[PDB]
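Let's start with one chain on its own, the form deposited in one PDB entry, as structure tokens.
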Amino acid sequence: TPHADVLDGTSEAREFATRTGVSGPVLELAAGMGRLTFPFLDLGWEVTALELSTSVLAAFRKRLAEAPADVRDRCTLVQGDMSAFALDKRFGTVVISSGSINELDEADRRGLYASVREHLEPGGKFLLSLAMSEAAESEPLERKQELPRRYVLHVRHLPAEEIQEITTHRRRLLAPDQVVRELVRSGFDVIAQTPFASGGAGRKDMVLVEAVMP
């Protein structure tokens, strides 16, 4: 990097619950060590938590052992891949967090959408949270050109993907509008996009997306 050469999930979980209103289990994709799962469990939800890593699942399992029996009993841990999974069970609600979807490239996101399709019951809901950068939230500047019959050309540049760079690590930052376009492209109907503040106060910096299958 140019500089180096010179040198809590509660609020997010509540937002999912707002756009849920839940009979039966919820499938949470790439649940990690339960940063959102534990909040979900405190809402009385029955959660099937899918996580790829053996090491992360150990941490999740340990934290569940420290939880009360009533909480632990409502969580089912399953080892598996968010971009390619098969549980043979369908679900009323399927959930994925911003950090998780942003770990997937273009092809793997298609894998994700298709996998979700196979795990949604009729009329089921696919819910996503998506980090929204300053560039993603702003209205694109439209630029005019008069050119010869005379025509007017209007040009806009819509955000699609950025890189979040820290000082060394880069991470993918997708525009919520980009993921929405992909969801439509994969067959889903996106019925709601709700901006919210990830920490529960201040500027809105995330979008909660509701997608359903026609």
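Residues carry their position along the shown sequence, with the first being 1.
Participant: Other compared entries: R181 unbuilt in at least a third?
Facilitator: Per the records, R181 is modelled in all the other entries.
Participant: Does the comparison with other entries of this protein show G199 left unmodelled in at least a third of them?
Facilitator: Looking at the other entries that model residues on either side of it, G199 is present in every one.
Participant: Could you tell me how many residues of the deposited sequence sit unmodelled between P148 and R149 (none, 1 to 3, 4 to 9, 10 or more)?
Facilitator: Gap between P148 and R149: 4 to 9 unmodelled residues.
Participant: From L128, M82, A131, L104, can you pick the one with the highest C-alpha B factor in the entry?
Facilitator: Comparing C-alpha B-factors across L128, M82, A131, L104, the maximum falls on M82.
Participant: Would you please rank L41 by its C-alpha temperature factor against the other modelled residues of its chain and give the third it falls in: lowest, middle or highest?
Facilitator: Tercile = middle for this residue's CA B-factor.
Participant: Relative to the other modelled residues of the same chain, rank the CA B-factor of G21 and answer lowest, middle or highest third.
Facilitator: It falls in the top third of the chain.
Participant: Please place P68 in the lowest, middle or highest third of its chain according to the CA B-factor in the PDB entry.
Facilitator: For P68, whose C-alpha B-factor we compare with every modelled residue in the chain, the answer is the highest third.
Participant: In terms of the chain's CA B-factor thirds, is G9 lowest, middle or highest?
Facilitator: Answer is highest: the recorded C-alpha B-factor places it there.
Participant: If you rank every modelled residue in this chain by C-alpha B factor, which third holds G111: lowest, middle or highest?
Facilitator: For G111, the deposited C-alpha B-factor lands in the middle third.
The discussion below concerns the form solved in complex with a small molecule, not included here.
Participant: Which single stretch, out of 65-73, 185-193, 50-58, 153-161, brings residue heavy atoms within 4.5 Å of the small molecule in the entry with it bound?
Facilitator: So the stretch in question is 50-58.
Participant: Tell me, yes or no, whether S100 is in contact with the small molecule in the entry with it bound, where a contact means a heavy atom of each within 4.5 Å.
Facilitator: Flag for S100 set to yes.
Participant: When the contact criterion is heavy atoms within 4.5 Å, does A30 count as touching the small molecule in the entry with it bound?
Facilitator: Because a heavy atom of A30 falls inside 4.5 Å of the small molecule in the entry with it bound, the answer is yes.
Participant: So in the entry with it bound, does any heavy atom of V26 sit within 4.5 Å of the small molecule?
Facilitator: No, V26 sits far enough from the small molecule in the entry with it bound that none of its heavy atoms falls within 4.5 Å.
Participant: Wondering, does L36 line up within 4.5 Å of the small molecule in the entry with it bound on heavy atoms?
Facilitator: Looking in the entry with it bound, residue contacts with the small molecule include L36, since a heavy atom lies within 4.5 Å.
Participant: Would you kindly say which of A136, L77, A131, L104 lies with a heavy atom within 4.5 Å of the small molecule in the entry with it bound?
Facilitator: It is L104 that has a heavy atom within 4.5 Å of the partner.
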